[PDB]
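Shown next are two forms of a single protein chain, provided one at a time as structure tokens under the names structure 1 and structure 2.
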Structure 1
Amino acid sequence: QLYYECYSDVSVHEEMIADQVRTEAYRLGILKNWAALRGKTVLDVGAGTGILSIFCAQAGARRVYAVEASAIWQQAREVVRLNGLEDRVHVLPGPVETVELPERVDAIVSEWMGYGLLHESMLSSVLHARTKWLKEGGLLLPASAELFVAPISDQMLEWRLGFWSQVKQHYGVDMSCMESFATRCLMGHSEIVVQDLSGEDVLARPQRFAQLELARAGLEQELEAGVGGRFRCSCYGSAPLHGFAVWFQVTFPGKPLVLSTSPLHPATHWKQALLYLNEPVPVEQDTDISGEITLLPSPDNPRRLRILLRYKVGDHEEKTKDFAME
């Protein structure tokens, strides 16, 4: 009959496990590496409720170290025991940067990805653990990530902006002047917005603007300096351009299994990271759009994602907008 403060805690973990695209991609990606994991030792970075660590045991791992800093580590220990794996899977509380493992490991598994790939992500902790605890020639799951961008005409946003001009049709009162107000409020800000889109929102072929091989020399320094690159595309047809969507995929080594968060693919809890222009720009078929996207740490907090956008639409002058996570 006591009162507890853990609603967010359960909601977050519920969302992740109920994300079948995510959870089944990890289950299968781990099983696909059975030959490399059989009789070997694994470190799970940010193990949460422990389900990926148990998948590793089920793929044949001799021993798994499940490291989790948040309050939820306690529930992981109970889940391990319930599945009869308390002698194979060891739950260790606290950050992986200072945990003491009794041995180096053959593999690191982690669901480290955040909104826009790098918002409040565990990637820096995975790389720290790779340097400190992974044996030479050891395995990282997933092994790589790719970043994508596309111009968008967000159909839900279009409806919200146009709503005010439609009030007269429904109630006999003209409220069309509310449209400029709504545009300022919904687009005239510099926050990254997390929202799920579909193919109906995508205005040109998506462009890959970066590829991250997670084991590669120098990646820690690239993350600090900024990850990204240039892009170019041509519009499919006539629409209000609202800005750009950014998303990612990750790949599990083997034919490789890919977990995608594209709006063209099955929805996931990551959705997409939307970068709105200050106001809509009309485009037509074959309107050329080019630009550059850079994912950066925020200066107050390297864990909060910043995105610097440069973009040029048709014959308009190149523009810049500097975003930070909502």
Structure 2
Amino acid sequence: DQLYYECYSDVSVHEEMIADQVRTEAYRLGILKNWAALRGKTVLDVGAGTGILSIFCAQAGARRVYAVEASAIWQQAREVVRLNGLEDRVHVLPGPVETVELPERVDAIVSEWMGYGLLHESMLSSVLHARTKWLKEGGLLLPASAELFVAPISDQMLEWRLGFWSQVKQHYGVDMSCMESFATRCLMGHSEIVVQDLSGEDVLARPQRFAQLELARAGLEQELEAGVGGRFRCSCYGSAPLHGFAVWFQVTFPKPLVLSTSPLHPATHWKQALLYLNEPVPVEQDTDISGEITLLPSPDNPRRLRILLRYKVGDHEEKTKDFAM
């Protein structure tokens, strides 16, 4: 745990998260749009960082915010709260949320806990521990749920990198087309999850929701250990080389506001989690693709995301690939 917390003692990660305008505006609005449910109520900010989300909760009308932060950045949060004149009702409490002592259970929890592929970092378990210990019955969760999506992809950037070697002749007068098979093995033949941003034109079929996480659900923490995911089925839009699948998520706040990391929506720092096949597979309009995706903690490191992929393209035999972040 200590190694993890120390990653957040440096300014850069916090600058990156606030500079993610889609992320930060969405949390801001998700909180402020809940003013009626927060007015005069108490809030626990799990992993409060610099404190910015706790101050949004105060602007929404919370009577008190407990801002709990395990890394050294809590000292900066204390100063931010003081600078904004909110030390009377926003209280920064250092340490893990699992052992912090609050004066009272709270009406609401706010937290930005999502990692790459949703569950990389595994910070959800700390939010669920706080829910069990400190959230009043039926309390407000900001956000309250996460939804997981998959779509087959033809990655235009990958195509360009594989095709790069056949363009060397035009650039420098040396033919290097024979490098394409080697490049394919290098860029696709591995078993790592690739975090990369796609565009709408990389999506080869209607995205499918394959799992939903309800943060209030008691027993969710046990589900995370066993893996979360599910089956999916789709049919391709048209002819292209299938490179694999993109996985992304959205979270929904108590119309409810949705923060999405879909390639069809404005870019975020999460991008998408790309699962490449070992080599491209030609697909056509109406080619059926079915499969199953499971998000699991790595055996060597619970905080490291693993994804089991099972898939069937058209008539081909079912195949499997086991990815890790």
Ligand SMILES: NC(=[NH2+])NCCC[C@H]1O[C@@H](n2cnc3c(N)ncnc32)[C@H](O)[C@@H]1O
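Rigid core (definition): largest C-alpha set, two forms, superposition within 1.5 Å. Residue numbering: sequential along structure 1, first residue numbered 1.
Peer 1: Just one of these is the form deposited without the named molecule; is it 1 or 2?
Peer 2: The form deposited without the named molecule is the one given as structure 1; the other form is structure 2.
Peer 1: Taking the rigid core as the reference frame, is the Cα of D9 displaced by 2 Å or more between structures 1 and 2?
Peer 2: Yes, the C-alpha position differs by at least 2 Å between structures 1 and 2.
Peer 1: Once both forms sit on the same core, give the Cα displacement of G218 between structures 1 and 2 in angstrom.
Peer 2: Superposing on the rigid core gives a C-alpha shift of 2.2 Å for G218.
Peer 1: Superpose on the rigid core and then read off how far the CA of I54 has moved between structures 1 and 2, in Å.
Peer 2: For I54, the alpha-carbon shift amounts to 0.4 Å.
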